[PDB]
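Fold and contact review
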Amino acid sequence: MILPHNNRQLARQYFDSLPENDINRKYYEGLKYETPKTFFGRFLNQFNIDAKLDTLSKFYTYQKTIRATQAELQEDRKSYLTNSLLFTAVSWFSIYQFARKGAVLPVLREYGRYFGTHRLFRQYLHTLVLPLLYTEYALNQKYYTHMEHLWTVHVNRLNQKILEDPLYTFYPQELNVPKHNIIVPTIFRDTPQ
Amino acid sequence: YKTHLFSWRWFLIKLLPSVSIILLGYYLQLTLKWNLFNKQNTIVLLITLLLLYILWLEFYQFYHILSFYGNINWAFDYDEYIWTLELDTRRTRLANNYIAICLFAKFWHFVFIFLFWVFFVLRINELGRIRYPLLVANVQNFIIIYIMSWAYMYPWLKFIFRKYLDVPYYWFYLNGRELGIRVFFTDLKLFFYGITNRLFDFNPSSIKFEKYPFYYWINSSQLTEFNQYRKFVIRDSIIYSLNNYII
Amino acid sequence: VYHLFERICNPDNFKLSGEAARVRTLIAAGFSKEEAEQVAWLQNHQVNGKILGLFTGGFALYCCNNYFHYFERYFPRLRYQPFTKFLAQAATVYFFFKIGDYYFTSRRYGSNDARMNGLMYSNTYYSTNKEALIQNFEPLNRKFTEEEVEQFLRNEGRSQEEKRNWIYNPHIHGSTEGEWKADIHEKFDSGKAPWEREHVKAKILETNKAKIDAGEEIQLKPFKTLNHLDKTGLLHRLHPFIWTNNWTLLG
Amino acid sequence: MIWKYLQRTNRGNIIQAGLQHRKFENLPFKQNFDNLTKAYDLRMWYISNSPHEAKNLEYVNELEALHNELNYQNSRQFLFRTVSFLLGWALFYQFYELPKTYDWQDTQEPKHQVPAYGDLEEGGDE
Amino acid sequence: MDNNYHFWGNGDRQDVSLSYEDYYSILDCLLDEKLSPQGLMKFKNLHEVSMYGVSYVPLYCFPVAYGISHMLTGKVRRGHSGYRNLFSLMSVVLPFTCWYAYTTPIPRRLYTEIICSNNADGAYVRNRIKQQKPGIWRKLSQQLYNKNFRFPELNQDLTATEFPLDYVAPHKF
Amino acid sequence: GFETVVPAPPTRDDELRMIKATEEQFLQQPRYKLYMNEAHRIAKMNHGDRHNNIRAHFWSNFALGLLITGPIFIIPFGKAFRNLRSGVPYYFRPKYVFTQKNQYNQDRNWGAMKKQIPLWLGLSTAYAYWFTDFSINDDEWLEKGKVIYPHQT
Amino acid sequence: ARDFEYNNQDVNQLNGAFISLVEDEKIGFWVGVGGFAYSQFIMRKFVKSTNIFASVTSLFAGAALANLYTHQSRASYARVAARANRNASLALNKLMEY
Amino acid sequence: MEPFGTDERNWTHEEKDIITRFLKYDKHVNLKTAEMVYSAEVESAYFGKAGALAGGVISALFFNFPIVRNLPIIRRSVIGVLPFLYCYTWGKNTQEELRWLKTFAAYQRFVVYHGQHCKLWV
Ligand SMILES: CCCCCCCCCCCCCCCCCC(=O)OC[C@H](COP(=O)([O-])OCC(O)COP(=O)([O-])OC[C@@H](COC(=O)CCCCCCCCCCCCCCCCC)OC(=O)CCCCCCCCCCCCCCCCC)OC(=O)CCCCCCCCCCCCCCCCC
Ligand SMILES: CCCCCCCCCCCCCCCCCC(=O)OC[C@H](COP(=O)([O-])OCC(O)COP(=O)([O-])OC[C@@H](COC(=O)CCCCCCCCCCCCCCCCC)OC(=O)CCCCCCCCCCCCCCCCC)OC(=O)CCCCCCCCCCCCCCCCC
Ligand SMILES: CCCCCCCCCCCCCCCCCC(=O)OC[C@H](COP(=O)([O-])OCC(O)COP(=O)([O-])OC[C@@H](COC(=O)CCCCCCCCCCCCCCCCC)OC(=O)CCCCCCCCCCCCCCCCC)OC(=O)CCCCCCCCCCCCCCCCC
Ligand SMILES: CCCCCCCCCCCCCCCCCC(=O)OC[C@H](COP(=O)([O-])OCC(O)COP(=O)([O-])OC[C@@H](COC(=O)CCCCCCCCCCCCCCCCC)OC(=O)CCCCCCCCCCCCCCCCC)OC(=O)CCCCCCCCCCCCCCCCC
Ligand SMILES: CCCCCCCCCCCCCCCCCC(=O)OC[C@H](COP(=O)([O-])OCC[N+](C)(C)C)OC(=O)CCCCCCCCCCCCCCCCC
Ligand SMILES: CCCCCCCCCCCCCCCCCC(=O)OC[C@H](COP(=O)([O-])OCC[N+](C)(C)C)OC(=O)CCCCCCCCCCCCCCCCC
Ligand SMILES: COC1=C(OC)C(=O)C(C/C=C(/C)CC/C=C(\C)CC/C=C(\C)CC/C=C(\C)CC/C=C(\C)CC/C=C(\C)CC/C=C(/C)CCC=C(C)C)=C(C)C1=O
Ligand SMILES: CCCCCCCCCCCCCCCCCC(=O)OC[C@H](COP(=O)(O)OCCN)OC(=O)CCCCCCCCCCCCCCCCC
């Protein structure tokens, strides 16, 4: 949509500012990226989602799909984190109140096998950690495939050496060219015919 | 293109209060054999409250329809820099006018059965007991008014049975095909596979972006080609402006 | 279970199978409808003798199984070795199998006379078709050239029912109107095959120089089975049987 | 042996069916709908096929009571199931995001909202 | 496996499955001038089959809705006596069953031909659904990718140099 | 597509041959087949012949379907009418007419019959449509409507 | 260079049949292996027979069980492929006839 | 000018705010359309505070009601504030509905004015 002369090539500008030895530099040189196919490889790649989104945001800032992905991911992090905290707070409040009355849920061994920690302590620990792990697991699966496709497109662009801004990029007001609203219709003339 | 199709998802919710009343009425009729007047006033009162709720909804829609024909608008006189109120007549498709009359008849019928019920509840209170004749008559009134509530759903009938009318005679030799029954049995096979695949095979996810505004207003570009409606150039301009404002 | 019910109760199961099975298989193989029929007939005739012999042998065993018991008088080995008797019965079946094969597959040369052609007194029709196919069959040992492939694609709409009206557009055909018309007539109107053009043949020789150097002949024309197989025998100038035909071949 | 399977009919397809004993061998100790209807059918079938007038008439009196009892049992079934259906229906639409993004072309009549014919509608007079 | 696999209105288990609601939505964002005469014929045939199919869907859902309505009333089958409550309650149960059936996608040879054609008409329809019907295309693209269909319009394209215009749902690489 | 060569107008001898050809086609027309003289007469007659071929196969399958589905589905389905779901044997349950059913198993046999016969026909027609091939008279692109003149044949 | 183009309609129909056939074959094989194991277990536990006879019967029982599961997809692909092959053969013969 | 269908996304709060501001202060809109949006704002703002005020009065009465008064404070306050919550949300819900419905009507008028609907013409 952006004409070649109206493109600011912000991605190229960021690429130039990158260090000499960088992964993006290698992709530009011709390095090809393949998503992991083994379970162990996928598990490792699960923790690289944040790094990929950040660099893509830097490379293609103002890109519609990338900007939308950041907004949705940030909102999901906030929504999931607060839900996890609320569940932990409610569960902790419930456990304490019933424990005060002498009622303890018969979950987990009463005493620890090694350090002898009491059941109540581990119930609090499990309540605090388990929802956090589920939140991380839930978020990663939702955005793992989406992030990989965005990373795959970025690598393909580098391999082809296409450092110009992609389609659906909307620059701020400063970088937007003003529109000429002065139009002078040509003088009317009777047709010779 | 003026098919006038109303969403069934919107229609069913509107239809809940009426079907609720007839079911309650039947239970009152069935339970009247072994129940007393005092105990059953809970059902009678519930029906009356529901009937009042439907009466308000009928009137509010009835009031809206009749108010259509008075076209009132504000006109800005630039010389005096004053807004003035003006009244004018209405011009619209006659199908809208015809259904309005049908909806007017529906309202008067509902006002009739409401007064019928109001008459019924008052008399049983004075008598001190309910009777099958009047109680059953009111229940059947609820059923009849419920049937008449589907008056404005006629476009779906035309949408279905108008396509049967346009089918020409077989031996005029326009297409030389009749697939009525063949489609009937084939669709049984297709629906059987469709349902089994839906609940046992891959189902595409429904996740979507919920936060980025105007994300799905996709302006034309190389990816989507340029075969859109011709006058969407303005739409692309507006979409471009909105994204700039967001960023 | 719905499919299993379909398999058992399919009406095609009750319907008798026809002779079109060979034709359909041959058409799927690649043979034309006419070519498939000719190849199907040759295969059926070759196998009919074997099938006929098996039925004849089985019928002979069924009616005259007591001969083996009777022969025990002269050959007690049958009486005291049932395995020997079974082999004798198997040999008898094979004996009828070979006799049927001989009648329907052996050359059994006979005169080309309309008065007895096709009576099966001589296996002339099968022999002539078999000889013609083997003699004249040579696989195309080339690769279709670009010109031939282009011509095949251009032959999508050709039809002999009505000749196409060729129109010369200088901006898309080039050359001159006279030259273009002459080339078009050669390509389509004349019916000349793509491989018969002089420049096409030259390209074939140049591309297959390695085969020519090795001493292998290049077959310009692909083998046309319908041009050598004719169950009716008209192609081989075999006189049709008089009583089943109302016409004569010069010979 | 095709006739042995087509033209030979099972004994049950001709002779009158007996009583399913397993349906009565073990029964719950609750005078619920299931027992009431089983008793109703037993008397009802007996009345149809029995020639004894003394036992039929008393069965009719007992059967009339069973009809009233079964009506009471059904009334509870009608109430609970009907209320559950209505509550589920109300809850479904409360937590269901109703699509409010359908096309609105039908409500718009550009040629009628702004009369295209203008003054030509009134008389003409050209 | 019926004996009419040639029939255009017929379908296979693995053919592209499209719902009636999806089919009618797609018709809104298409122009006839931009389709080849062959493309128009495919749509006209599709309407011919859909004309009968849509009307039959309530017929298929009738026995299911009829049974559900009986269960709601109770465990008593009273014949003509219960028609009022049966058909009064069935007037809302049957639309629910049709709602499920209409939302259910069904395979059809025409659906795969129209969407998956590798010609100008196939490209045109896919792009129009992609742009003007992003909600439908997202589900459609996921189905196409799962069935080993590769087109530039698919959001799951791994050899594209331009970012997808819609969220890409999880799937196996 | 491309256009074929347009022949020059026919001479009188060609006109006579066309007239003779049309006369032969008219004579060959069956007397019991009522088709109007029109450009689409031959096309319609060919369509009718293909429809008749489909009609034959359909009814043979339908008759076969009745023969097969009976012992397989309908007769076993009639075993469900031996007893009610409560376990008591089948007894008449009148709707509005208290018909007298003194004959042995009159209530059960007739009650089952009302459901078996519709099922018997329903399954057979499904059997007919399932196993009957319409390929002969199916034209997806409607290319068989081209007019065929009597002299062309 | 240009080359013969198959009918898109036939290609799409084959794709559906092939996808179904591949899925059935993988599932059918496991059914066959399970069927063989179950038959072997039953034969060695309730049937008085030699091991070779039991093994042969189990192998046929498994193969028969696998065939029943996969018959629909195999039959569906076979007829679609046969029709496609005939259409392709006829088209190519019409183009190359001389 | 937006996607239609069940699978589409319903209007977001941000989208509604942007559109209503666009209708109010954009030059490409006509005076009558702008007046419609302006009238919607003024005529709808009443319900927002009217519902809240009505809820407070009812809640104050309900706090002293025959049973609520004698309940403990934990139950009394929670039960007594329900009428306020029901009326407060009713007033806000009706305000947004009234404003949005007329704003959406103005949006429809704007689309027809500039011919941005693919199936609408004179
Ligand atoms: C990525 C990191 C994320 C971290 C998240 C935070 C939470 C976890 C870490 C928290 C640490 C700090 C906690 C506070 C400490 C306070 C001190 C204290 O008193 O302790 C509190 C309390 C223990 O006190 P206690 O009084 O002794 O109570 C003991 C009761 O028996 C205990 O009973 P219980 O009531 O707790 O119940 C048993 C326990 C369940 O625990 C089990 O026993 C289940 C064991 C499952 C084994 C699965 C197979 C593993 C195969 C090999 C894996 C190799 C590593 C692969 C790495 C992949 C890449 C990540 O819980 C449950 O059953 C319910 C939870 C459901 C399961 C979810 C578990 C998720 C764990 C995620 C983190 C994993 C980290 C692994 C690190 C590397 C390990 C090599 O601490 C805990 O409960 C924490 C447990 C954490 C997991 C321990 C795993 C031990 C088994 C290891 C096997 C492999 C190596 C064996 C080596 C042998 C020697 C040669
Ligand atoms: C929270 C977790 C999430 C859960 C989610 C699910 C549930 C959510 C529910 C949300 C609502 C909760 C509200 C709580 C309020 C608590 C207020 C308070 O201070 O309570 C302390 C007090 C604490 O109890 P406690 O001292 O520890 O225990 C000993 C009792 O005090 C010992 O005293 P008692 O046993 O004598 O009880 C006093 C008796 C005192 O009442 C009586 O003497 C009996 C009066 C006749 C009742 C007949 C019931 C059967 C027929 C239906 C009602 C007939 C009227 C018609 C209304 C509907 C149709 C228009 O009143 C009741 O307790 C029950 C009254 C009847 C049901 C409530 C409806 C009132 C209807 C009758 C009033 C007249 C209305 C006129 C027309 C209205 C038109 C809009 O709580 C109560 O006992 C009050 C209970 C109130 C009912 C709340 C439960 C609602 C959900 C289940 C029942 C559904 C029935 C629906 C009927 C309508 C269908 C259309
Ligand atoms: C109830 C107690 C139980 C006992 C009774 C059984 C149950 C009740 C139904 C029985 C009566 C059915 C009607 C008579 C059909 C048989 C007539 C006959 O033998 O004369 C030869 C006559 C011509 O046969 P053909 O030329 O040899 O055709 C076979 C060839 O294969 C070619 O086949 P094709 O697939 O190409 O179709 C051929 C047919 C195809 O025709 C069509 O295309 C028409 C169908 C179009 C589709 C349906 C549109 C209307 C419904 C729309 C529903 C909308 C719902 C609402 C949606 C929105 C709101 C929710 O077209 C023609 O050949 C031209 C003539 C068309 C006439 C159609 C009208 C027939 C009825 C009026 C005359 C007879 C009086 C009946 C009195 C009332 C009966 C209830 O037979 C036909 O009508 C065609 C065959 C029909 C199937 C076999 C029927 C076997 C009989 C038992 C059927 C059991 C019921 C299950 C099937 C459903 C009914 C079909
Ligand atoms: C399965 C397919 C079915 C298809 C569909 C069929 C549908 C039904 C249609 C049926 C229509 C009827 C067809 C009948 C065909 C018959 C054959 C035929 O057409 O041959 C024409 C035959 C043509 O033979 P050709 O000139 O040698 O030409 C060679 C052949 O074209 C060809 O020669 P080649 O190259 O094949 O062989 C060369 C040479 C190579 O072979 C030889 O040289 C063989 C030499 C030995 C003879 C064959 C073995 C005999 C074994 C001993 C006897 C049987 C033993 C077992 C039983 C015990 C017997 C006691 O063979 C010959 O010399 C042939 C001579 C002809 C006789 C031998 C033919 C075999 C006879 C088998 C008889 C059993 C089968 C049933 C009856 C016949 C069929 C209906 O024409 C004539 O000879 C007729 C000329 C007549 C001229 C005018 C005569 C005027 C009258 C003067 C005399 C008046 C006497 C008055 C007496 C009164 C006294 C008081
Ligand atoms: C602007 C809005 C509308 C304005 C118009 C006002 C409309 C007012 C309508 C009032 C309706 C009142 C109906 C009362 C029916 C009483 C029936 C009766 O006598 O009971 C018999 C009996 C009463 O039985 P019972 O149960 O009371 O006791 C029988 C005796 N025991 C119990 C001892 C055995 O009911 C029956 O037999 C049952 C069937 C009743 C059918 C009633 C039909 C009424 C038809 C009314 C037509 C009105 C036309 C209006 C035209 C327009 C006017 C503007
Ligand atoms: C160790 C403890 C033992 C306890 C005893 C009980 C043990 C029970 C063991 C059950 C094993 C089940 C194995 C199922 C294998 C399926 C194989 C397969 O794919 O076949 C598909 C076929 C159908 O194939 P299809 O082609 O229709 O479709 C298959 C599915 N799709 C379409 C997805 C490919 O089904 C069969 O025909 C299976 C049965 C074969 C015949 C053997 C049947 C034995 C049981 C008969 C009982 C009859 C009782 C009376 C019924 C009266 C009815 C009125
Ligand atoms: C895609 O798949 C397909 C289709 O689309 C879905 C098709 O349409 C078709 C079209 C072709 C068809 C033939 C249609 C096929 C339709 C099918 C299979 C569904 C319909 C099936 C039926 C109607 C059969 C229903 C019958 C039954 C299940 C039998 C019920 C039997 C019962 C209950 C037996 C009860 C008996 C007893 C308990 C015995 C009691 C005995 C006593 C003595 C009484 C007790 C007495 C004492 C004393 C104790 C095909 C082939 C197909 O494959
Ligand atoms: C393959 C290597 C492994 C070893 C096998 C070698 C096979 C060699 C080739 C086949 C050998 C066939 C002969 C076998 C041994 C002898 C069989 C026999 O007994 O046949 C004679 C028998 C006579 O009938 P009989 O029972 O004596 O009745 C007397 C009534 N008073 O009549 C019969 O029973 C008929 C015998 C027919 C033999 C075959 C003939 C060819 C055509 C067969 C058509 C299909 C027959 C299907 C039979 C199904 C039976 C269930």
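Residues numbered from 1 in each chain as written, not as in the entry; some residues may be left out. Chains lettered and ligands numbered in written order. Part of a larger assembly, values for the part shown. Heavy atoms only, no water.

Quick word on the overall build of chain F
- Each helix and strand in chain F was counted, giving three helices and zero strands.
- Counting from the amino terminus, chain F carries its helices and strands in the arrangement α-α-α.
- In terms of overall dimensions, chain F is more spread out than a globule: its C-alpha atoms have a radius of gyration of 29 Å, far above the 15 Å expected for 153 residues.
- With the C-alpha coordinates aligned to their principal axes, the bounding extent of chain F is approximately 90 × 35 × 25 Å.
- By the burial criterion, 35% of the 153 residues in chain F qualify as buried. (Helix = DSSP H or I, 4+ residues; strand = E, 2+ residues; numbered from the N terminus. Rg over C-alpha atoms; globule rule 2.2 N^0.38 Å. Buried < 20%, exposed > 50% of the residue type's maximum accessible area, 1.4 Å probe, protein only.)

Observations concerning the overall build of chain G
- If you tally the helices and strands in chain G, you get two helices and zero strands.
- Rg of the C-alpha trace for chain G: 21 Å, well past the compact-globule value of 13 Å for 98 residues, more than 25% over.
- The buried share of chain G, reckoned over its 98 residues, is 33%.
- In chain G, of all internal contacts separated by at least 6 residues, the share reaching a separation of at least 24 is 70%.
- Accessible surface for chain G amounts to roughly 6,300 Å². Of this, 65% is attributable to carbon and sulfur atoms. (Contact = heavy atoms within 4.5 Å. Areas by Shrake-Rupley, 256 points an atom, 1.4 Å probe, with all protein chains shown as cover.)

Observations concerning the site of ligand 8
Residues and elements named next belong to chain C.
- Neighbouring residues of ligand 8: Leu 54, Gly 58, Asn 65, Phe 86, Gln 89 and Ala 90.
- One nitrogen or oxygen atom from the side chain of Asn 65 is found 3.4 Å from an oxygen atom belonging to ligand 8.
- In isolation ligand 8 has 1,200 Å² of accessible area, and contact with the protein removes 30% of it.
- Broken down by secondary-structure element, the contributors of at least two residues to the shell around ligand 8 are helix 4 (33–63) and helix 7 (82–105). (Near = heavy atom within 4 Å. Polar contact = N/O pair within 3.5 Å; in protein donor to acceptor, adjacent residues only side chain to side chain.)

Side note on a negative patch on the surface
Residue and element names in this part refer to chain D.
- A cluster of acidic residues, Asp 119, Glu 122, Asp 125 and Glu 126, forms a negative patch on the protein surface.
- Within the fold, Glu 122 resides in the segment after helix 5 (110–113).
- On the basis of relative accessibility, which here comes to 70%, the residue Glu 122 falls in the exposed class. (Patch = residues over 30% accessible without salt bridge, like charges linked within 9 Å, V, L, I, M, F, W, Y side chains within 5 Å. Salt bridge = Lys/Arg side-chain N within 4 Å of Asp/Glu carboxyl O. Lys, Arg positive; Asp, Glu negative; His and termini not counted. Charge placed at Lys NZ, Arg CZ, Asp CG, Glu CD.)

Regarding the site of ligand 7
- The local shell around ligand 7 consists of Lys 189 of chain B, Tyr 2 and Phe 5 of chain C, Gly 18 and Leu 19 of chain D together with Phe 73, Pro 76, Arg 82, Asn 83, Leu 119 and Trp 130 of chain F.
- Surrounding ligand 7 are residues belonging to chains B, C, D and F, so the site spans chains.
- Here ligand 7 has 1,300 Å² of accessible area as a free molecule, and 57% of this is covered by the chains.
- Sorting the residues of the shell around ligand 7 by element identifies helix 1 (2–9) of chain C together with helix 2 (41–77) and helix 3 (106–131) of chain F as the ones contributing at least two each.

Quick look at the UniProt feature "transmembrane region" (unreviewed entry) in chain F
- As recorded in UniProt, the sites labelled "transmembrane region" (unreviewed entry) are residues 58–77 of chain F.
- In the segment residues 58–77 of chain F, helix accounts for 100% and strand for 0%; the C-alpha atoms at its two ends are 25 Å apart. (UniProt positions renumbered as here; feature names shortened; annotations may be inferred.)

Here's the deal with the arrangement of the chains
- Ranked by contact count, the leading pair among the 18 pairs of chains in contact consists of chains B and E.
- A minimum C-alpha distance of 26 Å separates chain D and chain G, which share no contact.

Brief notes about the packing of helix 6 (residues 180–200) of chain B against helix 2 (residues 37–73) of chain E
- Packing of helix 6 of chain B against helix 2 of chain E brings their axes to within 9 Å, and their N-to-C directions diverge by 60 degrees. In the crossing of helix 6 of chain B with helix 2 of chain E, the sense of the turn from one axis to the other is right-handed. Of the residues in helix 2 of chain E, those in contact with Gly 180, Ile 181, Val 183, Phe 184, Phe 185, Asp 187, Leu 188 and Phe 191 of chain B of helix 6 of chain B are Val 49, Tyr 52, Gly 53, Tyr 56, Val 57, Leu 59 and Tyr 60 of chain E.
- Within the contact of helix 6 of chain B with helix 2 of chain E, the residues separate by chemical class into twelve nonpolar, two polar and one charged. (Axes fitted to C-alpha atoms, helices over the stretch in contact; angles between N-to-C directions. Left-handed = near helix turned anticlockwise from the far one by under 90°. Nonpolar A, V, L, I, M, F, W, Y, C, P; charged D, E, K, R; others polar.)

Some details on the environment of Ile 117 of chain F
Residues and elements named next belong to chain F.
- Relative to the elements of secondary structure, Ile 117 occurs in helix 3.
- Note on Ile 117: relative accessible area 36%, which makes it partly exposed.
- Note: C-alpha distance between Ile 117 and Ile 74 (43 residues apart in sequence) is 8.2 Å.

Focus: the packing of aromatic side chains
- A full pass over the atoms with the stated rule returns 107 aromatic pairs over all chains.
- Centroid distance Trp 56 of chain B to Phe 59 of chain B: 5.7 Å. Interplanar angle 45 degrees. Geometry classified as tilted. Residue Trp 56 of chain B and its partner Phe 59 of chain B are both found in helix 2 (residues 37–68); the two are separated by three residues, about one turn of the helix.
- Residue class for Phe 59 of chain B comes out partly exposed when judged on its relative accessible area of 34%.
- The interplanar angle of 75 degrees and the centroid separation of 5.2 Å between the aromatic rings of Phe 5 of chain C and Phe 73 of chain F together place this pair among those described as edge-to-face. (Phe/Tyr/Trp six-rings, centres within 6.5 Å; stacked < 30°, edge-to-face > 60°.)

Overview of the interface of chain B and chain E
- Each partner contributes residues to the interface: chain B has 55 residues there, and chain E has 65 residues.
- Taking both sides of the interface into account, the surface hidden between chain B and chain E amounts to around 5,600 Å²; carbon and sulfur atoms contribute 64%.
- Scanning the region where chain B abuts chain E turns up two salt bridges.
- Between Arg 9 of chain B and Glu 21 of chain E there is a salt bridge whose closest N-O contact spans 2.9 Å.
- On inspection of chain B and its partner chain E, the count reaches 18 residue pairs in polar contact.
- For the side of chain B that touches chain E, the elements supplying multiple residues, two or more each, are helix 1 (8–31), helix 4 (132–148), helix 5 (154–165) and helix 6 of chain B.
- At 18 residues, helix 6 of chain B tops the list of elements feeding residues into the side of chain B that touches chain E. (Buried area = accessible area lost by both parts, 1.4 Å probe.)

Some thoughts on a positive patch on the surface
- Together, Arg 154, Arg 164 and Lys 187 of chain C together with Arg 2 of chain G line one region of the surface with positive charge.
- Along the chain, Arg 154 of chain C falls in helix 9 (residues 146–154).

Some remarks on helix 1 of chain C
- Turning to helix 1 of chain C, its buried residues number three or more, namely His 3, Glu 6 and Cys 9 of chain C. Projected down its long axis, helix 1 of chain C carries its buried residues within an arc of 140 degrees, all on one side.
- Tucked into the core, helix 1 of chain C has its buried residues touching helix 2 (11–14) of chain C, helix 2 and helix 3 of chain F together with helix 2 (51–96) of chain G. (Arc of directions from axis to C-beta.)

Quick notes on the pattern of salt bridges
- Enumeration according to the criterion identifies 36 salt bridges over all chains in this entry.
- Taking the shortest distance from any N to any O, the salt bridge between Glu 109 of chain D and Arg 93 of chain B comes out at 3.2 Å. Taken together, the positions of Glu 109 of chain D in the loop between helix 4 (53–95) and helix 5 and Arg 93 of chain B in the loop between strand 2 (82–88) and helix 3 (94–127) put the pair across two chains.
- Between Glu 38 of chain F and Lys 44 of chain F there is a salt bridge; the shortest N-O distance is 2.6 Å.
- On the basis of relative accessibility, which here comes to 33%, the residue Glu 38 of chain F falls in the partly exposed class.
- Judged by relative accessible area, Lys 44 of chain F falls into the buried class, the value being 10%.

Topic: unusual backbone geometry
- In the Ramachandran plot, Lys 161 of chain A falls in the positive-phi region, its phi being about 65 degrees despite a non-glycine side chain.
- Inspection of the secondary structure puts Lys 161 of chain A in the segment after helix 6 (119–159).
- Of note, the phi angle at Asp 125 of chain D is positive, near 70 degrees, even though the residue is not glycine.
- Along the polypeptide, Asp 125 of chain D turns up in the segment after helix 5.

Quick notes on the nonpolar core
- By size, the foremost hydrophobic cluster in this structure holds 104 residues, and its most contacted members are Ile 130 of chain B, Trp 89 of chain D together with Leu 144 of chain E.
- In terms of residue count, the dominant contributor to this core is helix 1 of chain B (13 residues).
- Residues within four places of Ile 130 of chain B in sequence aside, it is in contact with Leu 28, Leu 32, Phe 37, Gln 40, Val 44, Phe 120, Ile 124 and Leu 135 of chain B.
- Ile 238 and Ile 239 of chain B together with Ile 18 and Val 37 of chain H belong to the second-largest nonpolar core, a separate cluster that totals 23 residues. (Core = buried A, V, L, I, M, F, W, Y, C linked by side-chain atoms within 4.5 Å.)

Quick word on the side chain of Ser 57 of chain A
All names here are of chain A.
- Of note, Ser 57 is situated in helix 4 (residues 49–59).
- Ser 57 sits in the buried class, given a relative accessible area of 17%.
- Here the side chain of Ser 57 touches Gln 70 through a polar contact of 2.9 Å, side chain to side chain.
- Once residues within four sequence positions are removed from consideration, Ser 57 is found in contact with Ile 66 and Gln 70.

A short note on the state of the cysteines
- Tallying each qualifying case throughout the model produces zero disulfides over all chains.
- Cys 29 of chain E takes part in no disulfide bond, and the closest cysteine sulfur to it belongs to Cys 118 of chain H, at a distance of 8.5 Å. (Disulfide = S-S within 2.5 Å.)

Details of the side chain of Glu 6 of chain C
- By the element assignment, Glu 6 of chain C lies in helix 1.
- Buried and unpaired, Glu 6 of chain C has no salt bridge, with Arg 79 of chain G as the nearest side chain of opposite charge at 5.6 Å.
- Beyond its immediate chain neighbours, meaning those up to four positions away, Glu 6 of chain C contacts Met 1 and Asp 2 of chain E together with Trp 130 and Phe 131 of chain F.

What about the pairing of strand 2 of chain B?
Residues and elements named next belong to chain B.
- Inspection of the sheet shows strand 1 (residues 71–77) paired to strand 2 by seven bridges, in the antiparallel sense. In the sheet register, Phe 76 faces strand 2, and the bridge partner there is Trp 83.
- Count of turn residues in the strand 1/strand 2 antiparallel hairpin: four residues, of which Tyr 81 carries a positive phi of about 55 degrees. (Pairing = 2+ DSSP bridges.)

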